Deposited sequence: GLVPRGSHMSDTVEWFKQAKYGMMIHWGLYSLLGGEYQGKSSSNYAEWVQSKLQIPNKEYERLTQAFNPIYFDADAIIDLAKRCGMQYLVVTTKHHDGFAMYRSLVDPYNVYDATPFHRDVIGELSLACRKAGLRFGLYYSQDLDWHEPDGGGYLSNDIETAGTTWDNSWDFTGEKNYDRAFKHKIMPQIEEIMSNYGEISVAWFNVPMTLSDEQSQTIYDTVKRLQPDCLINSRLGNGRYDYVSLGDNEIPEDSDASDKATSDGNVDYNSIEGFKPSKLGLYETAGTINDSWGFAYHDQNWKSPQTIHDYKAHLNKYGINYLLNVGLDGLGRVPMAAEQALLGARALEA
């Protein structure tokens, strides 16, 4: 495969997390998110009716897809993966299936995914899509409701505060998850990476259905291991997981295909660690724990030396900007390369 040989040498990509959570920036009504500001709805059990009010404050006058792609290109990043829909269920593209999206529901009235697709194509960057296929806090049958024995970066995995009755993920899978995956894999050109997440609920068959649908629409798209249940083309390591040299040299009993930490089998020999510059995925006002240029440089070098890609995230602010400290960290790391 051309995509396979490409991904093996791609080395470095930019990830983007952006959504309504970015406006809150890790604070709400005088209380804090966890280190993951994008989990704030769960952490503080924000009712959908309240969280939806953020739509009216979403008018990011500084968002400029071409400028973001240009920054990625100047840093030597070869692909960009963006949140089409995170756990809160809010789509960052024009979804016919669900009007809870950036185009229909906000004054911004623009398809963010559309703009980033176009910018990537112009600049010659490959384009990837993140989608929360399991969790959806906007849906009564969103995933996570069987997993609450496992601690989260919020409270529960699912929206357990608005929705307290019988739940069946199958219904959300059929009505929202699969239709939206069809939208994003149809409407934005060639997709090189599909980034799924936290497969807490979906069955082997549901993972397979997604896998097959993605490949039908996007034959060369690489799917990451967090689609769950062994249905994937490359392995995502844990959040910010920089494996020890020894373990990265082995890339290594039973594997839990739905765990998100550590190595898993990879027939194609493809691996990626997604990481953050500070400690959040979403923008977080009070997290100034930005990794230094030296740290970023060394993480990238270590991953790449062992055949692992580094997908480094930017959490855009409420105005659509790369935080200055994020940009300076990225450019600083780039300056340390020959």
inquiry  = Tell me which segments of the deposited chain sequence are not represented by C-alpha atoms in this structure.
reply    = 1 to 9, 262 to 264
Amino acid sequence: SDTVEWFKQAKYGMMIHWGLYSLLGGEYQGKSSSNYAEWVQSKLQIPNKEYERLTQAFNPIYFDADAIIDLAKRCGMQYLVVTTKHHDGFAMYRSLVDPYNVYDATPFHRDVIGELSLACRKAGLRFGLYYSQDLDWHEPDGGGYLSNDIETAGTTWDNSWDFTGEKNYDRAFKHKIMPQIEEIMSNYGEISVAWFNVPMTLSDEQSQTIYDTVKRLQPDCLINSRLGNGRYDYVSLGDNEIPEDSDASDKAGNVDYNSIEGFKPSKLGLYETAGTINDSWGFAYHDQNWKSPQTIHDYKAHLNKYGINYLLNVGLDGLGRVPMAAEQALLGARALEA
From here on, numbers count along this sequence of modelled residues.
message = Averaging CA B factors per stretch from the PDB record, which one is higher: 51 to 59 or 286 to 294?
response = 286 to 294
message = So, looking at the entry's B-factor column for Cα atoms, which has the higher mean, 130 to 138 or 199 to 207?
response = 199 to 207
remark   = Note to self: of 154, 99, 179, 253, the C-alpha temperature factor tops out at 253
ask   = If you check the C-alpha B-factor for each of 160, 83, 213, 236 in the entry, which is highest?
value = 213
query = So where's residue 40 on the chain's Cα temperature factor ranking, which third?
reply = lowest
remark   = On the chain's distribution of Cα B-factors, residue 313 falls within the third called lowest
Record-listed C-alpha B factor of residue 271: chain third = middle
message = Using only modelled residues of the chain, where does the Cα B factor of residue 28 rank: lowest third, middle third or highest third?
response = middle
key: Where the record places residue 259 (Cα B-factor, split into thirds across the chain)   = highest
